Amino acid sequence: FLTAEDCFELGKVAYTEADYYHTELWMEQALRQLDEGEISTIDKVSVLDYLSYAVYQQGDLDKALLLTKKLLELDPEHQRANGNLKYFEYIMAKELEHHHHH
């Protein structure tokens, strides 16, 4: 059994090597343990920051937007997550603009 902090550190190793799948495995494990109420010094916002980017790199845009929204619920002022949200909202508005014109 590994602490949430261990899982998070491992996910950062994966991320720094652009191993975005393993980043997702480790970060999701960390998030699960915190959600069950493990006492830990890592904060969910930073976990979600890495996780949202990793999921974006995998091409899973819906999931990346969801995670970005989860991050912003916890930290509404997060500058990059706000940036990423605006980007995802733009892409979605274009797709909906397309469906309305076709």
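Note that residue numbering begins at 1 and tracks the sequence as displayed.
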*Given the B-factors recorded for C-alpha atoms, which segment has the greater mean, 65-73 or 29-37?*
29-37
_CA B-factor placement of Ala18, once the chain's modelled residues are sorted into thirds_ = highest
_Could you place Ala81 in the lowest, middle or highest third of its chain by Cα temperature factor, using the values in the record?_
lowest
*Split the chain's modelled residues into thirds by Cα B-factor; is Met92 in the lowest, middle or highest one?*
middle
